[PDB]
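Remarks on the overall topology
Below, each chain spelled out in residue letters.
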Amino acid sequence: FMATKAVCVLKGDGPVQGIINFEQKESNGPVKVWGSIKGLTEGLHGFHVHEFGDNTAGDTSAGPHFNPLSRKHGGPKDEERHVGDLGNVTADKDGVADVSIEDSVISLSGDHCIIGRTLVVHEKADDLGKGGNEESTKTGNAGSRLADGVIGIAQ
Ligand SMILES: [Cl-]
Ligand SMILES: [Cu+2]
Ligand SMILES: [Zn+2]
């Protein structure tokens, strides 16, 4: 089987929630990521795929950012990045982040497959590895998880 579409329902302990859609018509092509997230503070919020689709214990059970190539944290456009580094979503004045992303590193098939893994929206902006500290090189200093969910097959 080869997934062409995926979906992730994001939920948390507070007001943050949303639906994220993934589309990839070609196995060797980019993934379109689109949807909306509500209940956010206005501004930038870190947006990452973590390694495991698990919250057995909590944040640790989702593991670090998905990182099959053993690289350091960066932005989605950087050559040096984790596969799960999708950068930041932007929330407007009403707390709605309209997500519109095209990425060529994540995939719905193969070694970079994100199906069965966890998508997370964070409290703070992702510094893209440019924060000048150790945490920047791992998480981008995006802080706590406001909402998460496991990425499932949709088509
Ligand atoms: Cl760029
Ligand atoms: Cu994260
Ligand atoms: Zn990362």
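As a numbering rule, every chain is indexed from 1 in the order its sequence is written, which need not reproduce the entry's residue numbers; residues that lack coordinates are not presented. Each chain takes a letter, starting from A, and each ligand takes a number, starting from 1, following the order in which they are written. Calculated side-chain values reflect all of the structure's heavy atoms, with hydrogen atoms and water omitted.

Deposited coordinates in this entry are attributed by the record to X-ray crystallography, at a stated resolution of 1.80 Å.

A short note on the coordination of the copper ion (ligand 2)
Selection criterion: In this analysis a donor is any N, O or S atom within 2.8 Å of a metal ion (3.2 Å for sodium, potassium and calcium), and since water is not included, sites may seem incomplete. For each residue, the accessible area found with a 1.4 Å probe, counting protein chains only, is set against the maximum for its type, and the residue is called buried under 20%, exposed over 50%, and partly exposed in between.
Note on the copper ion (ligand 2): its protein donors are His48 (ND1), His50 (NE2) and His122 (NE2). The metal-donor distances range over 2.0 to 2.4 Å. The sequence pattern formed by the donor residues of the copper ion (ligand 2) is H-x1-H-x71-H. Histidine 50 shares its class with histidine 48; the two are buried.

Here's the deal with the UniProt feature "binding site: Cu cation" in the protein chain
The condition is simple: UniProt positions are given in the numbering used here, feature names are shortened, and annotations may be inferred rather than shown by experiment. A contact between two residues is defined here by any heavy atoms of the two lying within 4.5 Å. N or O atoms within 3.5 Å of each other form a polar contact, as long as, within protein, one can give a hydrogen and the other can take it, and as long as residues adjacent in sequence are counted only when both atoms are side-chain atoms. Per the convention used, a helix needs a DSSP run of H or I reaching at least four residues, while a strand needs a run of E reaching at least two, with both numbered from the N terminus.
UniProt feature "binding site: Cu cation": in the numbering of this structure it lies at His48, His50, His65 and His122. Taken together, the annotated residues stretch across 75 residues yet fold into one region, lying no more than 12.4 Å apart by C-alpha. Beyond its immediate chain neighbours, meaning those up to four positions away, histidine 48 contacts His65, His73, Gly84, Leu86, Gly87, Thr118, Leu119, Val120, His122, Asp126, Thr139 and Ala142. Reaching out from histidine 48, the side chain makes a polar contact with the side chain of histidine 122 at a distance of 3.2 Å. Examined against the element boundaries, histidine 65 turns out to sit in the loop between β4 (43-50) and β5 (85-91). By relative accessible area, which is 3% here, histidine 65 ends up buried. Ignoring sequence-local partners within four residues, the contact set of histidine 65 consists of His48, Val49, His50, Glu51, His73, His82, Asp85, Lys138 and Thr139.

Considering the nonpolar core
Rule in force here: Among buried residues, those of type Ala, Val, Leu, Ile, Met, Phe, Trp, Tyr and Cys that are joined through side-chain atoms within 4.5 Å constitute a nonpolar core.
The biggest cluster of nonpolar side chains holds 28 residues, and the ones touching the most others in it are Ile20, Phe22, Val33, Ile37, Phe47 and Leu119. Secondary-structure elements contributing two or more residues to this core are β1 (5-10), β2 (17-23), β3 (31-38), β4, β5, β6 (97-103) and β7 (118-122). In this structure, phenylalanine 47 is in contact with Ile20, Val33, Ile37, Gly84, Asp85, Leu86, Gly87, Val89, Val99, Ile101, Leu119 and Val120, ignoring residues within four places of it in sequence.

As for the coordination of the zinc ion (ligand 3)
Using the following cut-off: Under the classification used here, a metal with four donors is tetrahedral if each angle lies between 85 and 135 degrees, square planar if opposite donors are over 155 degrees apart and the others between 65 and 115, a six-donor metal meeting that same test is octahedral, and anything else is irregular.
For the zinc ion (ligand 3), every protein donor is listed as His65 (ND1), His73 (ND1), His82 (ND1) and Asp85 (OD), and the spread of their distances is 2.0 to 2.2 Å. Considering all four donor atoms around the zinc ion (ligand 3), the spread of angles at the metal, 98 to 122 degrees, places the coordination shape in the tetrahedral class. Here the donor residues of the zinc ion (ligand 3) share one chain and are spaced in sequence as H-x7-H-x8-H-x2-D.

Re unusual backbone geometry
Phi is positive for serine 70, close to 55 degrees, though the residue is something other than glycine. Relative to the elements of secondary structure, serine 70 occurs in the loop between β4 and β5. Looking at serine 70, the relative accessible area reads 67%, which means it is exposed. The phi dihedral of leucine 128 falls on the positive side, at around 65 degrees, and the residue is not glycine. Looking at the secondary structure, you find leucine 128 in the loop between β7 and β8 (145-150).

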